[PDB]
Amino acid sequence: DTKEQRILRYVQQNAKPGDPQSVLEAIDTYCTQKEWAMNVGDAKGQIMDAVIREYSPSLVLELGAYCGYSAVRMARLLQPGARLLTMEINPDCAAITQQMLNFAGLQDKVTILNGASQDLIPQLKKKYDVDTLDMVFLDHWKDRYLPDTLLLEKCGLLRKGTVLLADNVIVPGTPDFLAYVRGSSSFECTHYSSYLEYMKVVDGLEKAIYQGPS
């Protein structure tokens, strides 16, 4: 029994099938109250929703799927015809993500790629019929943000206007990626300040009153 399985089960037992909003809400409740988990979460998710509504992307690539929270969040806003491709290195997570999408009724819009992004990115055009990407959600591991950006560029997957959206640029932080994109004439950057997901961290005091020795 893993934390990721407990999340899926919680969703299966509490969310309305075919209702992506109820799916997102069940995950957020479990991870707020029961177990912290690295889903993008609702505060940042609202920002993502606003950005997606702005750009109405037809083809989105996610780096890092986890339990499928952000894939559900994004795919529920996609127009008919539009596709999300999500890359996930951990097979247990790729399976959980698939079941989450199934439950939400979003499986037809989303394709899960099993593997490391750095290995999968060069396979995109040939194996998944991709010309250029309209949007990229970076949310896998901090050290890969900058090299995967350079790989997307090398492989011709970026066009003028492609929107990169990166999570966690402050915590855990992606200083190299930020420096690079902010300093590069190839990228126009905007920062959206928010809060790390699920940070009502429970702690307590113990009072222990000495009664004497035995």
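From 1 onward, residues are counted along the sequence shown.
Student: Do the CA atoms of 105 to 113 or those of 140 to 148 have the higher mean B-factor in the entry?
Tutor: The recorded data point to 105 to 113.
Student: Would 200 to 208 or 7 to 15 have the larger average of its C-alpha temperature factors, as given in the entry?
Tutor: It is 7 to 15 that shows the higher mean C-alpha B-factor.
Student: Maximum C-alpha temperature factor per the entry, among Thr29, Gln46, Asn168, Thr162, belongs to which one?
Tutor: Largest recorded C-alpha B-factor: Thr29.
Student: Ranked by Cα temperature factor within the chain, is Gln33 in the lowest third, the middle third or the highest third?
Tutor: CA B-factor rank for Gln33: highest third.
Student: By its CA B factor, does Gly156 count among the lowest, middle or highest third of the modelled residues in the chain?
Tutor: For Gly156, the deposited C-alpha B-factor lands in the highest third.
Student: By the record's CA B-factor, is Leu120 among the lowest, middle or highest third of residues in the chain?
Tutor: Middle third, going by the recorded CA B-factors of the chain.
Student: Looking at the C-alpha B-factor of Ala75, is it in the lowest, middle or highest third of its chain?
Tutor: Tercile = middle for this residue's CA B-factor.
Student: Based on the deposited C-alpha B factors for this chain, I'd like to know if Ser194 is in the lowest, middle or highest third.
Tutor: Middle third.
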